[PDB]
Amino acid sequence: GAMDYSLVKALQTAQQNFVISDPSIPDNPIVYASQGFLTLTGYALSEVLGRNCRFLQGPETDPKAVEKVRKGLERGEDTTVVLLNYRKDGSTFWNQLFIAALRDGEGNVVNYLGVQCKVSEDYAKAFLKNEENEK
């Protein structure tokens, strides 16, 4: 199960915000989210299980950030981005996402793991400027 991964246990010891998705199910829904993620976003565990985590995005989310994630997942690459997300009540926050594939012995992706960090406006600005300049 989700909490059987040693890196998941490690993240829990530090109370990180993370989710686990299941890409064997159509549209790669969330199948676990940590308490920090639920408090951050305003959703109960049962309500987020079964949703693709794109439910956190909205009209002011930059589609280029989303596309970078999409392509990373497609290309088998670790991906790190900052993008605007939305709580259940419509309020917004900047979210730094760290996404990786969890793989079996033959390389098959068995789950994805995504760590989330709420960051300040100032930090999001600095990060996105660096990302751009580095491009």
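Start at 1 with the first residue shown and count on from there.
Two stretches are in play, 48-56 and 88-96, and the higher mean C-alpha B-factor belongs to 88-96. Stretch comparison (117-125 versus 12-20) by mean CA B-factor in the PDB entry places 117-125 on top.
Placement of the Cα temperature factor of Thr61 within the chain: middle third of the modelled residues, per the deposited record.
In the PDB entry, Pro29 places in the lowest third of its chain by CA B-factor.
In the PDB entry, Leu40 places in the highest third of its chain by CA B-factor.
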